[PDB]
Amino acid sequence: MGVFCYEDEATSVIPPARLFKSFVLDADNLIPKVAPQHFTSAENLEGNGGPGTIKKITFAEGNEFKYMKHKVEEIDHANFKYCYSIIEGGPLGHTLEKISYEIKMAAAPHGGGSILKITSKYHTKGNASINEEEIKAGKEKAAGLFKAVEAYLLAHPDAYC
């Protein structure tokens with residue numbers, strides 16, 4: 001193998017159909033809608049925003065090339081599963097050949113509660129090991145993004161697609 005796989009668990013009462021189309025499908029649309037910072041900008045290097053799409057985000061503008069690059073592993077709205085992979089990001093990591101993050105959604109049997117799961121994959125040279133704490137920090141950042149998207153739904157929980 002040589003790759004560490006971690007899974008995150010999140011329980012919340014949210015609609016999987018609207019949440020996925022509003023959080024996963026409208027993820028690139030809700031990000032800008034919030035208008036959190038105007039000093040950063042995202043650009044799609046290739047792809048229409050689906051599986052194999054290449055997106056790059058840079059904090060500074062005016063650069064022909066972006067130091068940070070984002071690549072999507074695969075997007076399947078039918079299975080409510082999303083795969084996100086990262087090629088390079090600032091320091092990226094030590095002995096970390098690559099870092100990918102996947103977001104999956106599922107509906108509970110009660111019929112009134114959806115659970116979100118996230119998976120991460122880190123390619124290590126081989127003699128290098130990743131600590132759960134080091135990767136845990138990355139999870140905290142992802143959780144923050146969820147709070148932002150959740151805040152929007154809280155302001156308009158009756159929104160309809």
# chains A, B, ... in the order shown; residues from 1 in each chain; ligands from 1
>>> residues_around(residues="residue A:14", least_positions_apart="2", cutoff="10 Å", atoms="only C-alpha atoms", output="number ranges by chain")
A: 11-12, 16-20, 107, 112-116, 150, 153, 157
>>> select_by_dssp(residues="chain A", states="helix (DSSP H, G or I)", output="PyMOL selection string")
chain A and resi 16-24+27-34+132-155
>>> residues_around(residues="residue A:79", least_positions_apart="5", cutoff="10 Å", atoms="only C-alpha atoms", output="MDAnalysis selection string")
chainID A and resid 104:106
>>> closest_residue(among="A:118, A:25, A:149, A:45", to="residue A:78", atoms="only C-alpha atoms")
A:25
>>> select_by_dssp(residues="stretch 15-74 of chain A", states="strand (DSSP E)", output="list in words")
residues 41, 42, 43, 44, 45, 46, 54, 55, 56, 57, 58, 69, 70, 71, 72, 73 and 74 of chain A
>>> closest_atom_pairs(of="stretch 72-131 of chain A", to="stretch 55-60 of chain A", cutoff="12 Å", atoms="only C-alpha atoms", output="CSV")
residue,atom,partner,partner_atom,distance
A:72,CA,A:55,CA,7.9
A:73,CA,A:55,CA,11.5
A:84,CA,A:55,CA,10.8
A:85,CA,A:55,CA,10.5
A:86,CA,A:55,CA,9.8
A:87,CA,A:56,CA,9.9
A:88,CA,A:56,CA,9.8
A:89,CA,A:57,CA,9.4
A:90,CA,A:58,CA,10.1
>>> residues_around(residues="stretch 126-137 of chain A", least_positions_apart="5", cutoff="8 Å", atoms="only C-alpha atoms", output="list in words")
residues 2, 4 and 95 of chain A
>>> write_last_selection(atoms="N, CA, C and O atoms", output="PDB file, in the first residue's frame")
ATOM      1  N   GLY A   2       1.309   1.688   1.153  1.00  0.00           N
ATOM      2  CA  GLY A   2       2.174   2.899   1.218  1.00  0.00           C
ATOM      3  C   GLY A   2       1.298   4.150   1.299  1.00  0.00           C
ATOM      4  O   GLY A   2       1.775   5.262   1.179  1.00  0.00           O
ATOM      5  N   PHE A   4      -1.789   6.148   3.610  1.00  0.00           N
ATOM      6  CA  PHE A   4      -2.599   6.132   4.859  1.00  0.00           C
ATOM      7  C   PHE A   4      -4.031   6.558   4.533  1.00  0.00           C
ATOM      8  O   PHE A   4      -4.258   7.569   3.900  1.00  0.00           O
ATOM      9  N   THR A  95       7.681  13.912   3.140  1.00  0.00           N
ATOM     10  CA  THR A  95       7.600  12.523   2.609  1.00  0.00           C
ATOM     11  C   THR A  95       6.161  12.229   2.172  1.00  0.00           C
ATOM     12  O   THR A  95       5.777  11.089   2.002  1.00  0.00           O
TER      13      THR A  95
END
